[PDB]
């Protein structure tokens, strides 16, 4: 028998969790402090993951999210919602993709939950499912109030590939629109 060794390489910044790194870079370009905290497992199979973004105007001494103090979560995967939402502060805001995420009924009492079909928006209204991270980014910014929206949009546009700037501007504006109109469940 032979030992086989195979290498697979792809492009960055494609999933919804890409929203986080853009947001953190945006905060740092403003002169604020930000960390991006990540997680991984010993699992072979791919599965849901998560990125936590921590932003402050003063030194951040703890470069991870404090469980129970998270202000806002956006989730497009049911198991990721169910596994990680327990760290969101009571009365915190959670945006979920209703085509994919199905909270237990009691959750609607603990958190303010909004349904926004981010993936459909990206795929059908923007015309490119890969803009889903920017739809998500705009929604996160608008709901959390963590950063100026015009400041964020500008930074995002300098960060993404030139080829995608048209579509990502539209995706951002649609994210803001949807979050502006969204009502808690």
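Positions refer to the first chain, counted from 1.
- Which wins on mean Cα temperature factor, 32 to 40 or 125 to 133? It is 125 to 133.
- Is the mean CA B factor in the deposited entry higher across 114 to 122 or across 62 to 70? Here the higher of the two C-alpha B-factor means belongs to 114 to 122.
- From the list 103, 91, 80, 87, select the residue with the highest C-alpha B factor recorded in the entry. Highest C-alpha B-factor among the listed residues goes to 103.
- Position of residue 52 among the chain's modelled residues by C-alpha B-factor, lowest, middle or highest third: Within its chain, residue 52 is a lowest-third residue by C-alpha B-factor, going by the deposited values.
- Task: Place residue 13 in the lowest, middle or highest third of its chain's C-alpha B-factors, as listed in the PDB entry.
- Result: Residue 13: CA B-factor falls in the highest third of its chain.
- CA B-factor ranking of residue 3, expressed as a third of its chain: Tercile = middle for this residue's CA B-factor.
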